[PDB]
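Comments concern the structure below.
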Amino acid sequence: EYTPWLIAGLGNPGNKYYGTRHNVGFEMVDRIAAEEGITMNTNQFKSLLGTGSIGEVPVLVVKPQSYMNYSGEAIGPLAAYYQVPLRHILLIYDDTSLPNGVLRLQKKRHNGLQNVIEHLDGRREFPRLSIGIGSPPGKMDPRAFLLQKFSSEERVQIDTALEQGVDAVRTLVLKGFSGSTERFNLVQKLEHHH
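According to PDB author numbering, the sequence shown holds residues 1 to 108, 113 to 198 in order.
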């Protein structure tokens with residue numbers, strides 16, 4: 001009966017990255033931990049993590065400390081250590097392919117995600133929670149945009165997203181969707197307009 005889940009949000013550690021668009025996954029993970037009362041003191045495998053459960057389901061919430069593109073250096077070994085099956089590895093990260101605040105849940113672009121993919125022996129069949137941050141504007145390249153803080157209007161949407169994502173994580177893991185994740189994806193898109 002031991003099948004923990006690994007909830008990892010991606011980002012770059014440090015005051016330098018605090019509040020930036022690219023760190024949204026870190027925000028979400030700080031949110032889930034908080035809500036669940038899980039402290040992330042533990043430092044292992046290039047990451048800070050905490051342990052607890054969602055309902056009866058045991059989980060580990062993590063924030064890799066190796067920097068975005070090398071997230072796999074943490075996740076891969078971390079999963080092995082705790083014996084987390086691929087299907088229970090939930091990655092949360094910023095997605096430019098979706099408008100601001102639209103979440104997307106999938107179970108099978114972004115550098116952190118390729119590296120993680122790389123370390124999970126290329127396997128791809130794990131669930132992922134994308135948090136949209138929109139498209140960057142084609143000047144200072146699509147690079148300072150990510151390293152920039154969210155405008156106030158964007159924050160609105162973002163804060164709403166953090167709240168709904170927390171719920172989405174709890175449903176996937178414990179509750180059950182009670183529709184397909186694709187229906188949740190549809191509702192996200194619609195909500196962007198309301």
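Backbone N, C-alpha and C define an ideal beta-carbon position, used for all residues, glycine too.
Coil, strand or helix - residue i by DSSP
i, result
"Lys16", "coil"
"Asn41", "coil"
"residue 202", "Look at the range of the chain in this structure, 1 to 198, and you will see that residue 202 is not part of it."
"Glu1", "coil"
"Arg113", "coil"
"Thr185", "helix"
"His198", "coil"
Status (buried if at least 16 other CB within 10 Å, exposed otherwise) for residue i
i, result
"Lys179", "exposed"
"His196", "exposed"
"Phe181", "exposed"
"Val173", "buried"
"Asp125", "exposed"
Proximity winner among the options, relative to residue i (alpha-carbon distances)
i, options, result
"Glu56", "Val177, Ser184, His198, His197", "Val177"
"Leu48", "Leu190, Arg21, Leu6, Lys153", "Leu6"
"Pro64", "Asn100, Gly116, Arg159", "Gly116"
"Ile32", "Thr20, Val102, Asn12, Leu60", "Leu60"
"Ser156", "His123, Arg21, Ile121", "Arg21"
"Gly11", "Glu27, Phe149, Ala80", "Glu27"
"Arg104", "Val191, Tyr2, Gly14", "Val191"
Per DSSP, cross-strand counterpart(s) of residue i
i, result
"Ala8", "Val62, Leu91"
"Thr51", "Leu60"
"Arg104", "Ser134"
What ranges does the alpha helix (DSSP H) occupy inside the stretch 127-183, keeping only unbroken runs of at least 4 residues that lie completely in it? Positions of the alpha helix (DSSP H) runs, each at least 4 residues long and wholly inside the stretch 127-183, are given as 145-148, 156-174 in order along the chain.
Going along the chain, which unbroken runs of the alpha helix (DSSP H) with 4 or more residues stay wholly within the stretch 70-94? Those alpha helix (DSSP H) runs which fall completely within the stretch 70-94 and span 4+ residues are 72-82.
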